[PDB]
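So this one's protein_38.txt, compact mmCIF, C-alpha atoms and all ligand atoms:
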```
# COMPACT_ATOMS: atom_id res chain seq x y z
CA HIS A 1 -10.63 -64.20 36.20
CA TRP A 2 -14.23 -63.11 36.71
CA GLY A 3 -16.57 -63.23 33.73
CA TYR A 4 -20.13 -64.13 32.75
CA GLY A 5 -19.73 -67.85 32.16
CA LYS A 6 -21.02 -70.85 34.11
CA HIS A 7 -17.81 -71.17 36.12
CA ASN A 8 -16.85 -67.51 36.51
CA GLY A 9 -20.15 -65.67 36.22
CA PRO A 10 -22.17 -63.49 38.65
CA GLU A 11 -23.00 -66.41 40.96
CA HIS A 12 -19.26 -66.91 41.56
CA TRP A 13 -18.24 -63.28 42.08
CA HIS A 14 -18.87 -63.25 45.84
CA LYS A 15 -15.86 -65.51 46.40
CA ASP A 16 -13.30 -62.93 45.24
CA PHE A 17 -15.59 -59.98 46.00
CA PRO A 18 -17.59 -60.63 49.22
CA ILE A 19 -19.46 -57.34 48.80
CA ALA A 20 -21.40 -59.07 46.02
CA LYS A 21 -23.80 -60.10 48.81
CA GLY A 22 -23.79 -56.59 50.26
CA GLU A 23 -26.56 -54.25 51.36
CA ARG A 24 -26.62 -51.94 48.33
CA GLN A 25 -25.82 -54.06 45.31
CA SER A 26 -26.88 -53.36 41.73
CA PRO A 27 -28.68 -53.90 39.48
CA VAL A 28 -32.16 -54.26 40.97
CA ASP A 29 -35.68 -54.76 39.69
CA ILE A 30 -37.58 -51.49 39.63
CA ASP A 31 -41.09 -52.17 40.87
CA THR A 32 -42.94 -49.20 39.39
CA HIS A 33 -45.84 -49.50 41.83
CA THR A 34 -43.54 -49.50 44.86
CA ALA A 35 -41.39 -46.58 43.70
CA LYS A 36 -42.62 -43.24 45.04
CA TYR A 37 -42.57 -39.78 43.48
CA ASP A 38 -40.05 -37.62 45.34
CA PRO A 39 -40.85 -33.87 45.47
CA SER A 40 -37.42 -33.11 46.96
CA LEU A 41 -35.68 -34.20 43.76
CA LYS A 42 -34.19 -31.24 41.88
CA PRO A 43 -34.22 -30.97 38.08
CA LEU A 44 -31.75 -33.35 36.39
CA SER A 45 -28.99 -31.58 34.47
CA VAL A 46 -27.20 -33.47 31.69
CA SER A 47 -24.59 -31.14 30.16
CA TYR A 48 -22.72 -33.04 27.43
CA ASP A 49 -22.18 -30.18 24.95
CA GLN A 50 -18.43 -29.96 25.62
CA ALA A 51 -17.88 -33.72 25.90
CA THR A 52 -14.55 -34.91 24.53
CA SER A 53 -14.39 -38.59 23.63
CA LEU A 54 -10.93 -40.04 23.11
CA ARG A 55 -10.91 -43.79 22.67
CA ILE A 56 -12.97 -46.97 22.59
CA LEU A 57 -11.68 -50.11 24.31
CA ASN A 58 -12.65 -53.80 24.37
CA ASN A 59 -11.80 -54.73 27.97
CA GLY A 60 -12.84 -58.37 27.76
CA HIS A 61 -16.29 -57.85 29.28
CA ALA A 62 -17.69 -54.88 27.32
CA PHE A 63 -16.39 -51.89 25.39
CA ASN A 64 -15.74 -48.51 26.99
CA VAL A 65 -16.09 -45.21 25.16
CA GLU A 66 -13.66 -43.05 27.15
CA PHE A 67 -13.77 -39.30 27.72
CA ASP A 68 -11.30 -36.63 28.72
CA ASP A 69 -12.27 -35.87 32.32
CA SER A 70 -9.35 -33.62 33.25
CA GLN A 71 -11.89 -30.77 33.33
CA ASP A 72 -15.66 -30.29 33.56
CA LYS A 73 -16.55 -30.85 29.89
CA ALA A 74 -19.38 -33.35 30.27
CA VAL A 75 -21.15 -33.28 33.61
CA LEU A 76 -24.22 -34.60 35.37
CA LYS A 77 -25.80 -32.68 38.24
CA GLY A 78 -29.17 -31.99 39.82
CA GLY A 79 -31.75 -34.67 40.50
CA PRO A 80 -30.73 -36.63 43.62
CA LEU A 81 -27.16 -35.42 43.24
CA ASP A 82 -25.26 -32.95 45.37
CA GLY A 83 -22.44 -31.32 43.45
CA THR A 84 -20.89 -32.07 40.07
CA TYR A 85 -20.17 -35.47 38.53
CA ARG A 86 -17.84 -35.80 35.52
CA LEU A 87 -18.38 -38.24 32.67
CA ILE A 88 -15.45 -40.66 32.46
CA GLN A 89 -16.79 -43.37 30.15
CA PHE A 90 -19.85 -45.19 28.93
CA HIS A 91 -20.45 -48.80 28.04
CA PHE A 92 -23.31 -51.23 27.47
CA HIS A 93 -24.58 -54.58 28.69
CA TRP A 94 -26.50 -56.71 26.18
CA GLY A 95 -27.87 -60.16 25.55
CA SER A 96 -27.61 -63.02 23.10
CA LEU A 97 -31.29 -62.45 22.23
CA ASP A 98 -33.48 -59.32 22.24
CA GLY A 99 -35.46 -60.63 25.21
CA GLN A 100 -32.58 -60.16 27.64
CA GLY A 101 -29.51 -58.02 28.15
CA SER A 102 -30.40 -55.20 30.52
CA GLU A 103 -29.22 -55.32 34.13
CA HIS A 104 -31.97 -53.27 35.71
CA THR A 105 -35.45 -54.55 35.01
CA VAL A 106 -38.80 -52.73 35.14
CA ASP A 107 -41.55 -54.80 36.76
CA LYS A 108 -39.34 -57.78 35.90
CA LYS A 109 -39.18 -56.77 32.23
CA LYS A 110 -35.76 -57.20 30.64
CA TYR A 111 -34.67 -54.88 27.81
CA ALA A 112 -32.33 -55.87 24.95
CA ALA A 113 -29.50 -53.84 26.42
CA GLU A 114 -28.59 -51.10 28.86
CA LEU A 115 -26.29 -48.11 28.49
CA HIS A 116 -24.29 -46.88 31.48
CA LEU A 117 -22.81 -43.39 31.44
CA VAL A 118 -20.36 -43.34 34.35
CA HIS A 119 -19.60 -40.12 36.24
CA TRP A 120 -17.47 -39.38 39.31
CA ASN A 121 -17.96 -36.75 42.01
CA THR A 122 -15.38 -34.01 41.45
CA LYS A 123 -15.12 -33.21 45.15
CA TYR A 124 -13.01 -36.37 45.43
CA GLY A 125 -10.33 -35.35 42.92
CA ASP A 126 -10.13 -38.55 40.88
CA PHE A 127 -12.12 -41.65 39.96
CA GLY A 128 -10.00 -43.87 42.20
CA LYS A 129 -10.79 -41.86 45.31
CA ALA A 130 -14.42 -41.45 44.33
CA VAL A 131 -15.04 -45.22 44.30
CA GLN A 132 -14.06 -45.25 47.98
CA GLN A 133 -16.98 -42.98 48.88
CA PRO A 134 -20.70 -43.75 49.29
CA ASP A 135 -21.53 -40.82 46.98
CA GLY A 136 -18.53 -41.13 44.69
CA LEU A 137 -20.24 -42.08 41.43
CA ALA A 138 -23.41 -41.32 39.50
CA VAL A 139 -24.40 -43.64 36.67
CA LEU A 140 -27.05 -42.69 34.17
CA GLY A 141 -28.71 -45.88 33.00
CA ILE A 142 -30.61 -45.99 29.72
CA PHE A 143 -32.56 -48.96 28.39
CA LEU A 144 -32.31 -50.13 24.78
CA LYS A 145 -35.16 -51.81 22.92
CA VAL A 146 -35.02 -53.20 19.39
CA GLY A 147 -36.99 -51.29 16.78
CA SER A 148 -35.93 -48.25 14.76
CA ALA A 149 -32.20 -47.51 14.46
CA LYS A 150 -30.53 -44.94 16.70
CA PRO A 151 -28.62 -42.52 14.43
CA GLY A 152 -26.32 -41.38 17.22
CA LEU A 153 -25.19 -44.93 17.92
CA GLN A 154 -24.03 -45.87 14.43
CA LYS A 155 -20.58 -44.31 14.87
CA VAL A 156 -20.05 -46.65 17.82
CA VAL A 157 -21.41 -49.60 15.86
CA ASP A 158 -19.15 -49.07 12.83
CA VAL A 159 -15.94 -48.98 14.88
CA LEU A 160 -16.59 -52.25 16.73
CA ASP A 161 -14.94 -54.17 13.89
CA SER A 162 -11.59 -52.62 14.84
CA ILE A 163 -11.80 -53.72 18.49
CA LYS A 164 -13.28 -57.19 18.10
CA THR A 165 -11.06 -58.81 20.71
CA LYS A 166 -9.98 -58.27 24.32
CA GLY A 167 -7.32 -55.62 24.75
CA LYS A 168 -7.93 -53.87 21.44
CA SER A 169 -8.59 -50.13 21.36
CA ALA A 170 -9.10 -47.47 18.70
CA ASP A 171 -9.11 -43.69 18.45
CA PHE A 172 -12.66 -42.49 18.98
CA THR A 173 -12.72 -38.72 19.09
CA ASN A 174 -15.51 -36.23 18.59
CA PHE A 175 -18.29 -38.63 19.56
CA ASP A 176 -21.33 -36.81 20.93
CA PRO A 177 -23.07 -38.76 23.71
CA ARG A 178 -26.10 -36.47 23.47
CA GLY A 179 -27.12 -38.64 20.53
CA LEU A 180 -27.73 -41.61 22.83
CA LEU A 181 -30.25 -39.86 25.07
CA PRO A 182 -34.00 -40.42 24.89
CA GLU A 183 -36.49 -37.55 24.69
CA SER A 184 -37.54 -37.52 28.35
CA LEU A 185 -35.33 -37.38 31.43
CA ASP A 186 -37.95 -38.90 33.75
CA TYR A 187 -36.07 -41.34 35.99
CA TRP A 188 -35.93 -43.65 38.99
CA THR A 189 -33.10 -43.32 41.48
CA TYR A 190 -31.62 -45.38 44.29
CA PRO A 191 -28.26 -45.95 46.03
CA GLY A 192 -26.35 -48.88 44.59
CA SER A 193 -23.07 -50.25 43.30
CA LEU A 194 -20.87 -51.00 40.33
CA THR A 195 -22.38 -53.97 38.49
CA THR A 196 -19.01 -55.52 37.68
CA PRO A 197 -16.28 -56.49 40.15
CA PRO A 198 -15.11 -54.93 42.42
CA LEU A 199 -18.85 -54.20 42.81
CA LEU A 200 -18.10 -51.16 44.97
CA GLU A 201 -21.15 -49.57 46.62
CA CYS A 202 -20.47 -45.96 45.60
CA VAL A 203 -23.14 -45.33 43.02
CA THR A 204 -26.18 -43.11 42.94
CA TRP A 205 -28.19 -44.72 40.17
CA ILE A 206 -30.35 -42.64 37.85
CA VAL A 207 -32.24 -44.93 35.48
CA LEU A 208 -34.27 -43.25 32.74
CA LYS A 209 -37.81 -44.51 32.22
CA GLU A 210 -37.80 -43.89 28.46
CA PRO A 211 -35.77 -46.46 26.51
CA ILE A 212 -34.01 -45.55 23.29
CA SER A 213 -34.65 -47.67 20.22
CA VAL A 214 -31.82 -49.30 18.29
CA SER A 215 -32.12 -51.48 15.19
CA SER A 216 -31.71 -55.25 15.06
CA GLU A 217 -28.69 -54.62 12.81
CA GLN A 218 -27.06 -52.39 15.42
CA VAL A 219 -27.49 -54.85 18.30
CA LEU A 220 -26.31 -57.71 16.08
CA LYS A 221 -23.03 -55.83 15.64
CA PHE A 222 -22.62 -55.71 19.43
CA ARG A 223 -23.03 -59.50 19.44
CA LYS A 224 -20.14 -59.90 17.01
CA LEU A 225 -17.61 -58.66 19.57
CA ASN A 226 -15.44 -61.21 21.41
CA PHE A 227 -14.73 -61.84 25.11
CA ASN A 228 -11.52 -63.59 24.03
CA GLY A 229 -8.33 -61.97 22.84
CA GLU A 230 -6.86 -62.32 19.36
CA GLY A 231 -5.24 -65.70 18.80
CA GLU A 232 -7.71 -67.43 21.11
CA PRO A 233 -10.87 -69.41 20.28
CA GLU A 234 -13.89 -67.19 19.64
CA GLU A 235 -16.29 -66.59 22.53
CA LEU A 236 -18.97 -64.13 21.44
CA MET A 237 -19.41 -61.14 23.73
CA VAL A 238 -23.06 -61.62 24.70
CA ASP A 239 -25.01 -61.73 27.95
CA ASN A 240 -22.51 -59.57 29.81
CA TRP A 241 -25.18 -58.53 32.30
CA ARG A 242 -25.53 -59.17 36.03
CA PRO A 243 -29.02 -60.22 37.20
CA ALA A 244 -31.16 -58.19 39.60
CA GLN A 245 -29.99 -58.24 43.23
CA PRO A 246 -31.97 -57.95 46.49
CA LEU A 247 -33.26 -54.44 47.14
CA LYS A 248 -32.91 -54.94 50.89
CA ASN A 249 -33.21 -51.75 52.93
CA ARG A 250 -33.58 -49.38 49.98
CA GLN A 251 -36.28 -47.21 48.47
CA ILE A 252 -36.48 -46.37 44.78
CA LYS A 253 -37.67 -42.83 44.12
CA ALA A 254 -39.32 -41.56 40.94
CA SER A 255 -38.74 -38.10 39.48
CA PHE A 256 -42.25 -38.12 38.00
CA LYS A 257 -45.77 -38.67 39.31
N1 LIG B 1 -15.32 -53.98 36.48
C1 LIG B 1 -13.84 -53.62 36.58
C2 LIG B 1 -13.42 -53.42 35.12
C3 LIG B 1 -13.39 -51.98 34.69
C4 LIG B 1 -12.58 -51.05 35.34
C5 LIG B 1 -12.53 -49.72 34.93
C6 LIG B 1 -13.30 -49.31 33.85
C7 LIG B 1 -14.11 -50.22 33.19
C8 LIG B 1 -14.16 -51.55 33.61
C9 LIG B 1 -13.09 -54.86 36.85
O1 LIG B 1 -13.30 -55.81 36.12
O2 LIG B 1 -12.24 -54.95 37.68
HG HG B 2 -18.15 -46.70 48.07
ZN ZN B 3 -22.38 -51.15 33.42
```
Can you dump the structure from the file as structure tokens?
Ligand SMILES: N[C@H](Cc1ccccc1)C(=O)O
Ligand SMILES: [Hg+2]
Ligand SMILES: [Zn+2]
Amino acid sequence: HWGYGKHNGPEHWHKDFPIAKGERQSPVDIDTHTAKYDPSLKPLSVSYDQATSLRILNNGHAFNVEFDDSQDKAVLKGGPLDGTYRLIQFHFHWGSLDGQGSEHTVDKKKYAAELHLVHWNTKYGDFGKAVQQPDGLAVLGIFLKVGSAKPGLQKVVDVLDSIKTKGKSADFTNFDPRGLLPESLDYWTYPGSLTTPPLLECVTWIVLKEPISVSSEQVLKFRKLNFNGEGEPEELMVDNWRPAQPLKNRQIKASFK
């Protein structure tokens, strides 16, 4: 099975998923001096007031905080997006050390972790159909740096003990994702893909420039999770990030000047 190790990591993914060497793969390095302000970009709208979280799951490569997307309760619109995208789940990518962990990089700088809020275009009916379209998904990427603790993240941190191993899940209702957002919504955007197999190229990426700060204690809890299942030797869940991929024929646009 694919993973992040020496024998099953990102450099091996192309064998089972040829698109790994595709034309619009993610993540990418965001060269701030090459990105251009785009006046055509509309205001970004993040409406998470009615968000309904339901469960948190350790899927063997990260943990997903799942939401009820049977209706428009938590949606992302505006910006480079046409239409409405519904929040289905969010997860993170982090490192074994604070100096690495993010997937996207800014002028080659790696952050301690990166949050991905995944949304699907409602015009396609369901997530499965959306990932078969070039404009099927919109992922809001948020960088995490180590410093002061993030109050809105503690609820996630404290429940990780109950889903330490692969396959474990726990009820996780009433979690407000608004507490994970930085102050500013300034962002960079480009067309890309899922960063984990099947690496489908159906994502409009919206990466916020302002990182949120989390405490060393909070990130350390992330690093206590396991890639392995219960009853198997312990493999700490760390460095579950894919490196930057070639930008190729793409242009990264900035929402700010
Ligand atoms: N990256 C998908 C795993 C995944 C699917 C759906 C939700 C979250 C994660 C895969 O491993 O096949
Ligand atoms: Hg696609
Ligand atoms: Zn991700």
Sorted by chain and rising residue number, which residues of chain A lie within 8 Å of ligand ZN 3 (chain B), and what are their closest atom pairs and distances in Å to one decimal, counting only C-alpha atoms and all ligand atoms, as a tab-separated table?
```
residue	atom	partner	partner_atom	distance
A:90	CA	B:ZN3	ZN	7.9
A:91	CA	B:ZN3	ZN	6.2
A:92	CA	B:ZN3	ZN	6.0
A:93	CA	B:ZN3	ZN	6.2
A:114	CA	B:ZN3	ZN	7.7
A:115	CA	B:ZN3	ZN	7.0
A:116	CA	B:ZN3	ZN	5.1
A:194	CA	B:ZN3	ZN	7.1
A:195	CA	B:ZN3	ZN	5.8
A:196	CA	B:ZN3	ZN	7.0
A:241	CA	B:ZN3	ZN	8.0
```
Problem set entry | Shell of 9 Å around residue A:39, all atoms listed in the file, local chain residues under 3 positions omitted, as a ChimeraX atom specification | /A:42,255-256
Exercise. What lies within 9 Å of stretch 126-140 of chain A using all atoms listed in the file, ignoring chain neighbours under 6 positions off, as a count of residues only?
Worked result: 25
For this session: List every protein, DNA or RNA residue that has an atom no more than 12 Å from (-20.9, -65.6, 34.8) in the file's coordinate frame, counting all atoms listed in the file, and report them as a VMD selection string.
Result: chain A and resid 1 to 14 61 196 to 197 238 to 243
Take the residues just selected and output them with C-alpha atoms as an mmCIF file, in the frame of the given file.
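And here is the file that came out, again10.cif:
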```
data_model
loop_
_atom_site.group_PDB
_atom_site.id
_atom_site.type_symbol
_atom_site.label_atom_id
_atom_site.label_comp_id
_atom_site.auth_asym_id
_atom_site.auth_seq_id
_atom_site.Cartn_x
_atom_site.Cartn_y
_atom_site.Cartn_z
ATOM 1 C CA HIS A 1 -10.630 -64.200 36.200
ATOM 2 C CA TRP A 2 -14.230 -63.110 36.710
ATOM 3 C CA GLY A 3 -16.570 -63.230 33.730
ATOM 4 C CA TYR A 4 -20.130 -64.130 32.750
ATOM 5 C CA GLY A 5 -19.730 -67.850 32.160
ATOM 6 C CA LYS A 6 -21.020 -70.850 34.110
ATOM 7 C CA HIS A 7 -17.810 -71.170 36.120
ATOM 8 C CA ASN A 8 -16.850 -67.510 36.510
ATOM 9 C CA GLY A 9 -20.150 -65.670 36.220
ATOM 10 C CA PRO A 10 -22.170 -63.490 38.650
ATOM 11 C CA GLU A 11 -23.000 -66.410 40.960
ATOM 12 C CA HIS A 12 -19.260 -66.910 41.560
ATOM 13 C CA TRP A 13 -18.240 -63.280 42.080
ATOM 14 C CA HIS A 14 -18.870 -63.250 45.840
ATOM 15 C CA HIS A 61 -16.290 -57.850 29.280
ATOM 16 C CA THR A 196 -19.010 -55.520 37.680
ATOM 17 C CA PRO A 197 -16.280 -56.490 40.150
ATOM 18 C CA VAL A 238 -23.060 -61.620 24.700
ATOM 19 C CA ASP A 239 -25.010 -61.730 27.950
ATOM 20 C CA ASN A 240 -22.510 -59.570 29.810
ATOM 21 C CA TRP A 241 -25.180 -58.530 32.300
ATOM 22 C CA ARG A 242 -25.530 -59.170 36.030
ATOM 23 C CA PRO A 243 -29.020 -60.220 37.200
#
```
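Closest approach to residue A:65 among A:100, A:218, A:53, A:231: A:53, based on only C-alpha atoms.
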Seminar exercise, completed: Across A:54, A:47, A:20, A:215, the smallest distance to residue A:84, with all atoms listed in the file counted, is shown by A:47
Seminar exercise, completed: Of A:66, A:49, A:23, A:235, the one nearest to ligand LIG 1 (chain B) when counting only C-alpha atoms and all ligand atoms is A:66
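Each of A:216, A:198, A:67, A:170 was checked against ligand LIG 1 (chain B) using all atoms listed in the file; the smallest atom-to-atom distance is that of A:198.
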Problem set entry | Proximity to ligand HG 2 (chain B) - best of A:153, A:50, A:124, A:250, all atoms listed in the file | A:124
For this session: Excluding residue A:29 and any residue of its chain fewer than 6 positions from it, enumerate the residues within 9 Å of it, using only C-alpha atoms, and give them as a list in words.
Result: residues 103, 104, 105, 106, 107, 108, 109, 243, 244, 245, 246 and 247 of chain A
Given the selection you just returned, output its residues as a file containing C-alpha atoms, formatted as an mmCIF file, in the coordinates of the input.
```cif
data_model
loop_
_atom_site.group_PDB
_atom_site.id
_atom_site.type_symbol
_atom_site.label_atom_id
_atom_site.label_comp_id
_atom_site.auth_asym_id
_atom_site.auth_seq_id
_atom_site.Cartn_x
_atom_site.Cartn_y
_atom_site.Cartn_z
ATOM 1 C CA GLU A 103 -29.220 -55.320 34.130
ATOM 2 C CA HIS A 104 -31.970 -53.270 35.710
ATOM 3 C CA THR A 105 -35.450 -54.550 35.010
ATOM 4 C CA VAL A 106 -38.800 -52.730 35.140
ATOM 5 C CA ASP A 107 -41.550 -54.800 36.760
ATOM 6 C CA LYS A 108 -39.340 -57.780 35.900
ATOM 7 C CA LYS A 109 -39.180 -56.770 32.230
ATOM 8 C CA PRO A 243 -29.020 -60.220 37.200
ATOM 9 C CA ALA A 244 -31.160 -58.190 39.600
ATOM 10 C CA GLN A 245 -29.990 -58.240 43.230
ATOM 11 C CA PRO A 246 -31.970 -57.950 46.490
ATOM 12 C CA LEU A 247 -33.260 -54.440 47.140
#
```
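Between atom CA of residue A:179 and atom CA of residue A:254 the interatomic distance comes to 24.0 Å.
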List as a PDB file with C-alpha atoms, in the frame of the given file the residues having at least one atom at most 9 Å from position (-23.9, -38.2, 22.4) as given in the file, counting all atoms listed in the file.
```pdb
ATOM      1  CA  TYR A  48     -22.720 -33.040  27.430  1.00  0.00           C
ATOM      2  CA  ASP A  49     -22.180 -30.180  24.950  1.00  0.00           C
ATOM      3  CA  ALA A  51     -17.880 -33.720  25.900  1.00  0.00           C
ATOM      4  CA  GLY A 152     -26.320 -41.380  17.220  1.00  0.00           C
ATOM      5  CA  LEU A 153     -25.190 -44.930  17.920  1.00  0.00           C
ATOM      6  CA  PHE A 175     -18.290 -38.630  19.560  1.00  0.00           C
ATOM      7  CA  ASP A 176     -21.330 -36.810  20.930  1.00  0.00           C
ATOM      8  CA  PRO A 177     -23.070 -38.760  23.710  1.00  0.00           C
ATOM      9  CA  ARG A 178     -26.100 -36.470  23.470  1.00  0.00           C
ATOM     10  CA  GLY A 179     -27.120 -38.640  20.530  1.00  0.00           C
ATOM     11  CA  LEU A 180     -27.730 -41.610  22.830  1.00  0.00           C
ATOM     12  CA  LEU A 181     -30.250 -39.860  25.070  1.00  0.00           C
TER      13      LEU A 181
END
```
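Among the candidate residues A:148, A:34, A:70, A:162, the one lying nearest to residue A:225 is A:162, with distances computed using only C-alpha atoms.
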Exercise. What gap, in Å, lies between atom CA of residue A:55 and atom CA of residue A:169?
Worked result: 6.9 Å
Exercise. Which distance in Å separates atom CA of residue A:87 and atom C2 of ligand LIG 1 (chain B), to one decimal?
Worked result: 16.2 Å
Exercise. Near residue A:209, within 9 Å and counting all atoms listed in the file, which residues show up once chain neighbours fewer than 6 positions away are dropped, as a ChimeraX atom specification?
Worked result: /A:106,142-143,184-188
Regenerate stretch 206-223 of chain A at the level of N, CA, C and O atoms and dump it as an mmCIF file, in the frame of the given file.
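Now in result-v6.cif:
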```cif
data_model
loop_
_atom_site.group_PDB
_atom_site.id
_atom_site.type_symbol
_atom_site.label_atom_id
_atom_site.label_comp_id
_atom_site.auth_asym_id
_atom_site.auth_seq_id
_atom_site.Cartn_x
_atom_site.Cartn_y
_atom_site.Cartn_z
ATOM 1 N N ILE A 206 -29.310 -43.469 38.452
ATOM 2 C CA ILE A 206 -30.350 -42.640 37.850
ATOM 3 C C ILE A 206 -30.696 -43.400 36.580
ATOM 4 O O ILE A 206 -29.955 -43.358 35.605
ATOM 5 N N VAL A 207 -31.809 -44.128 36.618
ATOM 6 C CA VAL A 207 -32.240 -44.930 35.480
ATOM 7 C C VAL A 207 -33.415 -44.261 34.775
ATOM 8 O O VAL A 207 -34.469 -44.061 35.371
ATOM 9 N N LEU A 208 -33.221 -43.909 33.506
ATOM 10 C CA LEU A 208 -34.270 -43.250 32.740
ATOM 11 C C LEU A 208 -35.410 -44.202 32.412
ATOM 12 O O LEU A 208 -35.187 -45.361 32.076
ATOM 13 N N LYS A 209 -36.636 -43.701 32.506
ATOM 14 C CA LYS A 209 -37.810 -44.510 32.220
ATOM 15 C C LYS A 209 -37.989 -44.756 30.729
ATOM 16 O O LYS A 209 -38.420 -45.836 30.326
ATOM 17 N N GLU A 210 -37.654 -43.761 29.910
ATOM 18 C CA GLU A 210 -37.800 -43.890 28.460
ATOM 19 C C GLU A 210 -36.619 -44.600 27.810
ATOM 20 O O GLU A 210 -35.486 -44.128 27.882
ATOM 21 N N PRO A 211 -36.871 -45.745 27.161
ATOM 22 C CA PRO A 211 -35.770 -46.460 26.510
ATOM 23 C C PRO A 211 -35.500 -45.830 25.156
ATOM 24 O O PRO A 211 -36.355 -45.126 24.610
ATOM 25 N N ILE A 212 -34.305 -46.054 24.623
ATOM 26 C CA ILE A 212 -34.010 -45.550 23.290
ATOM 27 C C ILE A 212 -34.163 -46.774 22.402
ATOM 28 O O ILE A 212 -34.002 -47.910 22.861
ATOM 29 N N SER A 213 -34.503 -46.551 21.140
ATOM 30 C CA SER A 213 -34.650 -47.670 20.220
ATOM 31 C C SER A 213 -33.423 -47.780 19.331
ATOM 32 O O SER A 213 -32.889 -46.778 18.857
ATOM 33 N N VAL A 214 -32.962 -49.012 19.146
ATOM 34 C CA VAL A 214 -31.820 -49.300 18.290
ATOM 35 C C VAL A 214 -32.310 -50.375 17.331
ATOM 36 O O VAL A 214 -33.255 -51.100 17.646
ATOM 37 N N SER A 215 -31.682 -50.488 16.166
ATOM 38 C CA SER A 215 -32.120 -51.480 15.190
ATOM 39 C C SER A 215 -31.547 -52.866 15.464
ATOM 40 O O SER A 215 -30.570 -53.016 16.196
ATOM 41 N N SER A 216 -32.171 -53.882 14.876
ATOM 42 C CA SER A 216 -31.710 -55.250 15.060
ATOM 43 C C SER A 216 -30.276 -55.327 14.531
ATOM 44 O O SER A 216 -29.422 -55.984 15.127
ATOM 45 N N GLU A 217 -30.020 -54.635 13.423
ATOM 46 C CA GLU A 217 -28.690 -54.620 12.810
ATOM 47 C C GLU A 217 -27.646 -54.058 13.774
ATOM 48 O O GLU A 217 -26.535 -54.578 13.867
ATOM 49 N N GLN A 218 -27.998 -52.992 14.482
ATOM 50 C CA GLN A 218 -27.060 -52.390 15.420
ATOM 51 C C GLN A 218 -26.727 -53.323 16.583
ATOM 52 O O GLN A 218 -25.556 -53.502 16.913
ATOM 53 N N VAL A 219 -27.739 -53.935 17.190
ATOM 54 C CA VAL A 219 -27.490 -54.850 18.300
ATOM 55 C C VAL A 219 -26.723 -56.086 17.828
ATOM 56 O O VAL A 219 -25.893 -56.625 18.558
ATOM 57 N N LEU A 220 -27.002 -56.539 16.608
ATOM 58 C CA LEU A 220 -26.310 -57.710 16.080
ATOM 59 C C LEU A 220 -24.808 -57.446 15.994
ATOM 60 O O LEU A 220 -24.003 -58.361 16.167
ATOM 61 N N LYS A 221 -24.436 -56.196 15.732
ATOM 62 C CA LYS A 221 -23.030 -55.830 15.640
ATOM 63 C C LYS A 221 -22.378 -55.969 17.016
ATOM 64 O O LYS A 221 -21.235 -56.404 17.124
ATOM 65 N N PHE A 222 -23.111 -55.586 18.058
ATOM 66 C CA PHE A 222 -22.620 -55.710 19.430
ATOM 67 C C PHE A 222 -22.285 -57.175 19.695
ATOM 68 O O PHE A 222 -21.261 -57.495 20.293
ATOM 69 N N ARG A 223 -23.173 -58.059 19.241
ATOM 70 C CA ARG A 223 -23.030 -59.500 19.440
ATOM 71 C C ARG A 223 -21.921 -60.163 18.645
ATOM 72 O O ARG A 223 -21.686 -61.363 18.793
#
```
